[PDB]
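The figures here come from the full heavy-atom set of this structure, side chains too, leaving out hydrogens, waters and symmetry mates. Below, chains carry the letters A, B, ... as their sequence lines are ordered, and counting in each starts from 1.
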Amino acid sequence: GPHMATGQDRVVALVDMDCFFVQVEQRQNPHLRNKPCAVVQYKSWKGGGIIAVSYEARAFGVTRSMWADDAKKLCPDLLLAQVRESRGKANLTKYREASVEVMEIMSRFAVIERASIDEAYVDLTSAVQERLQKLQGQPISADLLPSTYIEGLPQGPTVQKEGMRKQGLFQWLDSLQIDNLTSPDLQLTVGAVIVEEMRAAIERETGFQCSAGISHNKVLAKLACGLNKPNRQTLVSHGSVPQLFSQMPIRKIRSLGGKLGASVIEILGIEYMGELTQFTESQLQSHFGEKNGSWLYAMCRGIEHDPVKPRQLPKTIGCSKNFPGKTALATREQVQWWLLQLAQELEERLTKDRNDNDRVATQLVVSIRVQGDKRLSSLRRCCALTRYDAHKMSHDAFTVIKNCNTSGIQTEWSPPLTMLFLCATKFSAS
DNA sequence: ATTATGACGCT
DNA sequence: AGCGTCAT
Ligand SMILES: Nc1nc2c(ncn2[C@H]2C[C@H](O)[C@@H](COP(=O)(O)NP(=O)(O)OP(=O)(O)O)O2)c(=O)[nH]1
Ligand SMILES: [Mn+2]
Ligand SMILES: [Mn+2]
């Protein structure tokens with residue numbers, strides 16, 4: 001009872017840009033705004049592959065991973081923007097720079113953890129304590145939460161979407177105890193006020209819209225963010241968890257969408273996250289290992305301890321290219337030329353990183369995939385990265401992979417390579 | 001012939 | 001160190 005800690009110590013937000021690459025292209029080209037639009041890489045094969053889709057286009061069934069020619073079958077007026085090509089490969093520099101714009105704005109409010117190119121976690125606990133001090137017990141006006149949903153409300157005792165939103169928000173605000181500066185629900189509410197302000201700043205200063213989740217930990221904040229996309233934020237309280245999880249497929253929780261989640265379902269004969277509560281911590285550890293078992297026991301009760309890392313920059317800088325089917329690399333000249341192309345892009349990104357961020361990579365990881373291997377990587381080898389020089393980097397990558405070529409002939413490469421991947425790692429302050 | 005990344009756990 | 005999992 002009283003000693004049963006409830007995982008309500010922190011206020012954590014997850015901010016995720018809506019259809020990010022599409023918004024970057026729509027900012028640049030106003031003719032694409034408020035249209036069914038998608039972003040593609042390459043063009044020759046089946047019109048290129050879609051990696052981002054505006055919400056107007058999603059209404060027609062267009063999705064990521066779809067070939068553009070097939071998307072056009074669902075949505076003949078779909079507009080398309082292509083990712084830049086440089087040195088023979090996709091070049092994502094425009095989107096990385098746009099990401100930096102957004103991350104620098106978020107960092108004004110709190111220290112952030114960059115979780116992907118378009119989303120970050122925020123630990124708002126301290127900022128909330130400060131805003132609460134300023135409020136002096138003043139209640140929170142619904143006007144301060146103009147885009148916030150309260151998950152689970154309204155309940156009990158109505159036709160439009162905004163009206164339901166406001167109804168739920170009114171129920172939440174009316175039930176709040178604002179004289180208690182340690183009430184977790186009040187703390188989440190103040191966190192949501194701050195996130196409204198953060199999202200307003202991002203849109204004013206970049207033109208980009210985003211969604212957000214506010215809860216007591218990272219997993220719940222991420223789940224909350226997706227409940228009301230686009231251009232809205234969602235508060236998931238500790239009390240909302242039993243009902244939310246009672247019908248929540250296990251695969252919707254981040255990290256359970258793969259083999260482990262499938263094993264949870266199959267071994268335990270369950271479907272929904274809330275069903276996990278009926279097992280003891282030791283039972284879960286017995287099936288899924290000590291770490292996963294403890295994590296599942298706490299997570300199905302809404303509790304998670306993973307901290308928001310103070311990390312605004314990526315930990316690695318990498319360059320990769322697939323060579324599918326008949327384009328697979330089958331000569332030594334070919335393998336060298338593409339290693340050089342990747343190495344030249346890597347050098348350009350690394351030099352810019354050293355200038356911006358006062359650090360230097362020290363290890364180069366070379367990964368290849370070989371024809372007939374279904375795995376992502378067939379082989380990974382590391383070497384030292386001592387100079388930001390593309391010719392040296394590519395010569396070293398060739399040296400560390402050259403023993404793969406099973407061909408007796410010096411010129412041929414067998415079996416042919418279907419992927420090259422160079423990744424700079426182990427950064428040190430410079 | 002999804003592709004280009006990036007984080008992180010295991011041994 | 002090199003491999004596997006998860007995400008998307
Ligand atoms: N190159 C590449 N980029 C990708 C891939 N998948 C996603 N991206 C890029 C393109 C995406 O714009 C961006 C962010 O990924 P999300 O947050 O998962 N999707 P979004 O922001 O589009 O829509 P939502 O409003 O539902 O969040 O990452 C991929 O497989 N390959
Ligand atoms: Mn997004
Ligand atoms: Mn994202």
[X] [atom1] to [N] [atom2], straight-line distance once rounded to whole Å:
X	N	atom1	atom2	value
A/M66	C/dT8	CE	P	18 Å
A/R58	C/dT8	CZ	P	12 Å
A/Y121	B/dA7	OH	P	14 Å
A/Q312	B/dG6	CD	P	16 Å
A/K374	C/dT5	NZ	P	10 Å
A/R251	C/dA7	CZ	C1'	16 Å
A/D306	C/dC6	CG	P	17 Å
A/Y95	B/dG6	OH	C1'	18 Å

>> So A/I317, base contact, sugar-phosphate only, or nothing? Heavy-atom distance under 4.0 Å.
In response: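 A/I317: backbone/sugar contact only, no base atoms under 4.0 Å.
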Could you tell me whether [X] and [Y] make a salt bridge, using a distance below 4.0 angstrom between a side-chain N and a carboxylate O?
X	Y	result
A/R108	A/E205	yes
A/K218	A/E113	yes
A/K43	A/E85	no
A/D69	A/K46	no
A/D356	A/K352	yes

>> Could you work out, with ring-ring contact (aromatic ring centres under 6.0 Å, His included) as the rule, every residue matching A/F323, not counting sequence neighbours?
In response: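 Here the qualifying residues are A/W338.
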> To the side chain of A/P314, which of B/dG6, C/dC6, C/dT8 is closest?
Replying inline: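 That would be B/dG6.
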> Nearest to the side chain of A/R375 - B/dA7, C/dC6, C/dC3?
Replying inline: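 Side chain of A/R375 sits closest to C/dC3.
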> Quantified in whole Å, what is the P atom distance between nucleotide C/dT8 and nucleotide B/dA1?
Replying inline: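 24 Å, rounded to whole Å.
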>> Strictly by ring pair (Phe, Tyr, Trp, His ring centres under 6.0 Å), give each pair with a member in residues 21-42 of chain A just once, sequence neighbours left out.
In response: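 Residue pairs with at least one partner in residues 21-42 of chain A: A/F21-A/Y95.
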Within the sub-3.5 Å range, which N or O atoms of nucleotides 8-11 of chain B have a protein N or O partner, and how far apart are they?
{"unit_1": "B/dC8", "atom_1": "OP1", "unit_2": "A/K309", "atom_2": "NZ", "d": "3.3"}
{"unit_1": "B/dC8", "atom_1": "OP2", "unit_2": "A/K315", "atom_2": "NZ", "d": "3.3"}

>> Strictly by salt bridge (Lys or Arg N to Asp or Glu O under 4.0 Å), give each pair with a member in residues 229-247 of chain A just once, sequence neighbours left out.
In response: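 Found A/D16-A/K229, A/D18-A/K229.
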> When Watson-Crick pairs (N1 to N3 and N6-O4 or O6-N4) and G-U wobble pairs (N1-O2 and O6-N3) count only below 3.5 Å on both distances, what is the dot-bracket string of DNA chain B, with | for other-strand pairs?
Replying inline: ...||||||||
>> If we count only N and O atoms by modelled type, under 3.5 Å, do the side chains of A/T148 and A/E196 hold a donor and an acceptor together?
In response: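 Short answer, yes.
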> In this structure, which one of A/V195, A/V193, A/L235 forms a side chain to side chain contact (heavy atoms under 4.5 Å, CB included) with A/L145?
Replying inline: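 Of the listed residues A/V195, A/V193, A/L235, the side chain to side chain contact (heavy atoms under 4.5 Å, CB included) partner of A/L145 is A/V193.
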>> Could you tell me if A/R58 sits above the aromatic ring of A/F60, with its cationic atom closer than 6.0 Å to the ring centre and no more than 45 degrees from the axis?
In response: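 No, A/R58 and A/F60 do not form such a contact.
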Atom pairs under 3.5 Å, N or O on each side, protein against nucleotides 1-5 of chain B: can you list them with distances?
{"unit_1": "B/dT2", "atom_1": "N3", "unit_2": "A/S65", "atom_2": "OG", "d": "3.0"}
{"unit_1": "B/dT2", "atom_1": "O4", "unit_2": "A/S65", "atom_2": "OG", "d": "2.8"}
{"unit_1": "B/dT3", "atom_1": "OP2", "unit_2": "A/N322", "atom_2": "ND2", "d": "3.2"}
{"unit_1": "B/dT3", "atom_1": "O2", "unit_2": "A/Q41", "atom_2": "NE2", "d": "3.2"}
{"unit_1": "B/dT3", "atom_1": "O4", "unit_2": "A/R64", "atom_2": "NH2", "d": "3.1"}
{"unit_1": "B/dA4", "atom_1": "OP1", "unit_2": "A/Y42", "atom_2": "OH", "d": "2.6"}
{"unit_1": "B/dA4", "atom_1": "OP2", "unit_2": "A/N322", "atom_2": "N", "d": "2.7"}
{"unit_1": "B/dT5", "atom_1": "OP1", "unit_2": "A/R96", "atom_2": "NH2", "d": "2.9"}
{"unit_1": "B/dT5", "atom_1": "OP2", "unit_2": "A/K89", "atom_2": "NZ", "d": "2.8"}
{"unit_1": "B/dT5", "atom_1": "OP2", "unit_2": "A/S320", "atom_2": "N", "d": "3.1"}
{"unit_1": "B/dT5", "atom_1": "OP2", "unit_2": "A/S320", "atom_2": "O", "d": "3.3"}

>> Quick check against the 3.5 Å criterion: does A/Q334 have a side-chain atom that pairs as donor or acceptor with the backbone of A/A330?
In response: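 The answer is yes, because a donor-acceptor pair under 3.5 Å joins these two groups.
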